[PDB]
């Protein structure tokens, strides 16, 4: 094609993210009259999300996914998106990004400093905790060997609830769980399904601890080469795909617990009051580390009403 473009992702071929990227790819090809074709590179083939963001910056990858929280790698205050229990729901995540001074500035920095244009935002689920033993209460976390992604906020979740974290790439998790090298992991229900972690985890606890969004990002190096009519095709397709993406997640959260029960998983509902209480020293550490910019981001986000 005139523009042979590439979209990389950690998510695999059975995932919601991939299904929505397929919708995006198909719409772009159709509405560009074949000028643009987007090929998908799932399952971390190109590296992880940190690697893929560098490739968008350099212009060697055209599209990728990232959470708003992942930008904590560059702007420490952006950890606010994934401080456990701070963002209440997806309504709040949307307004945090687009309707706060903090979020608007973050979007501008991503363009100026990181070489990426934000096309759309979707919901990617609320993270839960799977394990090889029941989590009936916060006590059951103590010493649990909990795999985390290589992200500070997930590491802190694990630390502050009393678990023993092991960071590792998404691609390595299934084997770690299968072999009981670790005792558990944490991800939204849709990922537990997509990765088939239910095959190798007997328990699932509704910890509801971190809310993931998902940004459709394009390399500025690529986006600047597309004539404006094709920029609009791409932008409009990303917005349409994001709405679909969100719906996939919302619908799964309604019935995936029954799916997991049919696969033999035992579901628990630990009291979350101690889980929330356990994060209070972490929020204080965040404020100490990130200073006024972090205090401000927190205040801006805490001000958002969660009801539509």
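Positions refer to the first chain, counted from 1.
- Of the two segments examined, 130-138 and 146-154, it is 130-138 that shows the higher average Cα temperature factor in the deposited entry.
- As recorded in the PDB entry, 27-35 is the stretch of 27-35 and 245-253 with the greater mean C-alpha temperature factor.
- Residue-level inspection of the entry shows that, of 162, 184, 84, 188, 162 has the top Cα B-factor.
- The PDB entry gives the largest Cα B-factor of the residues 239, 62, 277, 48 to 277.
- For residue 70, the recorded CA B-factor ranks within the lowest third of the chain. Only modelled residues enter the ranking.
- In the PDB entry, residue 230 places in the middle third of its chain by CA B-factor.
- For residue 40, the recorded CA temperature factor ranks within the middle third of the chain's modelled residues.
- Remark: residue 112 belongs to the highest third of its chain, ranked by C-alpha B-factor as recorded.
- Looking at the C-alpha B-factors along this chain, the one for residue 221 belongs to the middle third.
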